[PDB]
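>>> What would the 3D arrangement of this be:
(one chain, ligands or ions: 2)
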Amino acid sequence: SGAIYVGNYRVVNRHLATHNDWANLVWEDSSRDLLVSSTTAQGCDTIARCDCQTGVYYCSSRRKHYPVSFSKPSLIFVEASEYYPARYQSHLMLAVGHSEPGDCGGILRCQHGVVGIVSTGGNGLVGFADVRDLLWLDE
Ligand SMILES: CSc1cccc(Br)c1CC(=O)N1CCC[C@H](C(N)=O)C1
Ligand SMILES: [Zn+2]
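Residues are numbered from 1 along each chain as shown. Ligands and ions are numbered 1, 2, ... in the order given. The protein structure is shown below:
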């Protein structure tokens, strides 16, 4: 679990979104596993606007932060789950690192701010759902 709080916005994994998230829905995309919802209290997170391919992410299953090299946002095939049928998820960045089901929501940061959140994983890999293209979070 985890979320990005930037201004009057909350960015969460679409599969982990609450009833309140849907009641104050701003934007959602199944293919990216993202859901943004309006909050009534001011956020704080700086959103990175960059092309960094290295960073640090919080691993909930180890209570530790890990430095990683990650790929550029792309369409990577993600297998069937209780939340989605087998499909291509876009804006995904894979990395070599530890990941497990309860890790979705962990923030990936670089020297410029928040890059994205943990979305996929498995097999000694971790997948991040990029948010750097969503310029309207800061405006
Ligand atoms: C039990 S499979 C597994 C294994 C290691 C790490 C992780 Br995180 C998972 C779970 C996983 O990748 N997903 C399930 C939830 C929705 C995700 C999506 N964005 O489509 C995909
Ligand atoms: Zn950066």
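
>>> Smallest gap between the chain and ligand 1, at which residue?
Closest residue of the chain to ligand 1, C-beta to the nearest ligand atom: residue 121 (2.8 Å). Where C-beta positions appear, they are placed from N, C-alpha and C, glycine not excepted.

>>> which residues does that residue contact?
99, 100, 103, 127 (C-beta atoms under 8 Å, 6 or more residues apart in numbering).

>>> what's the answer for residue 128, then?
Counting by C-beta under 8 Å, 6+ apart, the residues that residue 128 touches are 57, 70, 92, 93, 94, 95, 108, 115, 116, 117, 118, 119.

>>> For the closest residue to the last one other than its chain neighbours, grab phi and psi.
On the basis of C-beta to C-beta, 6 or more residues apart in numbering, the spatially nearest residue to residue 119 that is not a chain neighbour turns out to be residue 129, at 3.8 Å. As for residue 129, its main-chain torsions (degrees, to the nearest 10) stand at phi -90, psi 110.

>>> Provide a list of residues in contact with residue 129.
Residues near residue 129 by C-beta under 8 Å, 6+ apart: 13, 32, 33, 34, 89, 91, 92, 116, 117, 118, 119.
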